[PDB]
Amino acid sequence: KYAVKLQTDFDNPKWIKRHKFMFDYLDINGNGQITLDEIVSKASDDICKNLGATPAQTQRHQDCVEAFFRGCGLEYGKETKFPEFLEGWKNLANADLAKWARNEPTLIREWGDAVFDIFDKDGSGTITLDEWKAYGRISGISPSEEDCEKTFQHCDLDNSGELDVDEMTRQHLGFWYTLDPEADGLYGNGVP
């Protein structure tokens, strides 16, 4: 196991292409713009509803999603195009990396906590391969049952073969923020 690299690379076509792929994935209608309203609706009225989240869990998850995407520029009643979106990610990456460097919880970690809570009815605090496939399909970020397995092959699992928020946060920092080579493949062949 290795530490995460905090060095950014916002100019790398690979990092920009990754967020472009996701932006397009979020831009359902392909109108070239998204709104915090769509992101929150996807989070609360789609994902949380279909996973069977309680009212409380759904609210906490919404609060975290709202804070996260506000981090990268989004806002209610405001259309955000890719250019602004990308610039938003640079600021968020910088802001979250600054918090990590001071041992303050990051927005990416807090989003993770909300997601894991939905699958934590017994106290384990982890997510099993089967629950991730569920999340992958419902959220649409990894509908491929195969890619989800690759996610679990890629990540370091606990003694039960289960994924915990600490490891997933490590991976996401590298995948979404630093374009760390060690993170490549986190989502299988589903996200470049």
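The numbering used is simple: start at 1 and walk along the sequence shown.
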Averaging the C-alpha B factors as listed in the entry, name the stretch that ends up higher: 63-71 or 138-146.
138-146
Per the entry, where is the mean C-alpha temperature factor higher: 128-136 or 54-62?
128-136
Can you pull the Cα B-factors for 35, 151, 44, 31 from the entry and say which is highest?
31
Could you tell me which third, lowest, middle or highest, the C-alpha B-factor of residue 17 occupies within its chain?
highest
How does the C-alpha B factor of residue 192 compare with the rest of the chain: lowest, middle or highest third?
middle
Compared with the other modelled residues in the chain, in which third is the CA B-factor of residue 122?
highest
When the deposited Cα B-factors of this chain's modelled residues are ordered and cut into thirds, is residue 79 in the lowest, the middle or the highest one?
highest
Based on the deposited C-alpha B factors for this chain, I'd like to know if residue 177 is in the lowest, middle or highest third.
lowest
